[PDB]
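Following this are structure 1 and structure 2, which are two forms of one protein chain, each written alone as structure tokens.
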Structure 1
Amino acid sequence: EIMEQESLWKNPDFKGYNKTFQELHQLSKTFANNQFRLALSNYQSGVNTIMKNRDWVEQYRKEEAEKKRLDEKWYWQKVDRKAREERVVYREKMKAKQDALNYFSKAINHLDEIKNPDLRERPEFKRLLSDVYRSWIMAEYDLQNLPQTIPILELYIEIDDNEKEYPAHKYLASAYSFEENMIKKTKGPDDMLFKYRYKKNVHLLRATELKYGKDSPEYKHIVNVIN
């Protein structure tokens, strides 16, 4: 089930999208809760935003690479053109991320409206919440917004048995590593550097323990790198 864990933790693809939303719409029918229905509607719109943009980027890059440009004769012209194309891609990616996070935010708002504690404990509830947070983490991670994933990942690992998920610890380690490197690169305080390095290592070690097991060749190796 490590393959299934890894499959959840990536940018959305066509097959995963169809399986996820078929399963979630089935859960929505058994849950028979209007706020869950609305949260699911918003979550789907957010994933759609992402999928549409990622398809647009691939298509835009293909079209730009397939053009002849016989009037582009110089190296500096190709560099300038590639810089313009990258700026177009970035602007479209940012727009899509903002729209997707607004839909994810609305999905959370609808789940927040489910006040009954018995309903909040339902497996359907926890599954949708997990999916929303995971997609949000992935959308931020895709655009290198690693510090922004830290509070979302922290909320995610609190749900059910989500702390026992090696990818959640892998992304937390990565995000803390980024923060440690940001302290090193700026004129950042040493107390913060050590805090971030420690947290990175805690989650790196936990991720390793989770997928390979304690006292395995891989767990023993990562202990040595930290030392």
Structure 2
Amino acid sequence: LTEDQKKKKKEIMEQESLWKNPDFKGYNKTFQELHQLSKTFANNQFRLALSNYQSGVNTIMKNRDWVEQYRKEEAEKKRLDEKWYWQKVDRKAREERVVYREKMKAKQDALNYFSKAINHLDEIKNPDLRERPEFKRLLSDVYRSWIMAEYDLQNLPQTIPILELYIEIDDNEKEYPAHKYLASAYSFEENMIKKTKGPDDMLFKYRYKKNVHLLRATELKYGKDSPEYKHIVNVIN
């Protein structure tokens, strides 16, 4: 239990908290912090980027309520034409499709707002302003919400370019969850190549990039030359 290992355990928990599924307490904390950063930044394009990012998260939060209400309404129905096991299976499959289609619509609306937030941050041309902690914090939040919205619906290939942009920001590369999700997203791509009998150069590329992020995630949370890091190094070597 070194000063650095205690700092590690606390930091991994703080990083896991950062990547937590959105809820009310987290929404309130995020937007209270972002609105103060907007006041300190006093930049019109940042204000417009924040407004779009907030609308995008609001789309997600509204959809979370829609799904609970829809499931409640479906549970409260009497099913007179459900004598057979296959009928109840079919009905649950139709309900799951309605939920999936509404979540896809909410994700599309949310990504349109995130894309607009990015368009406003692209308008901040001054390199000194782009290096500001306020700028990097909002950019990280937009990308993280974007990655999570795609990941939730199993759009793992779509998360890869966003996660790669995210890890380039400040010290985001030291984030164990960013590496864990990147590793899984590359794994999905490797598996898609193996399943579709795709080209070997792509298989090896995806396998390599999965291993890079799997090794980095292990190193970050367990440390270099620990039983977890040494083990992953041995299988790859």
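We call the rigid core the largest set of C-alpha positions that still match within 1.5 Å between the two forms. Numbers given to residues start at 1 and step along the sequence of structure 1.
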Just checking, between structures 1 and 2 and with the core aligned, does residue 69 shift 2 Å or more at the CA? yes
Using a rigid core superposition, the C-alpha offset of residue 131 between structures 1 and 2 in Å is 0.3
Core-fitted comparison between structures 1 and 2 - CA shift at residue 220, Å: 1.7
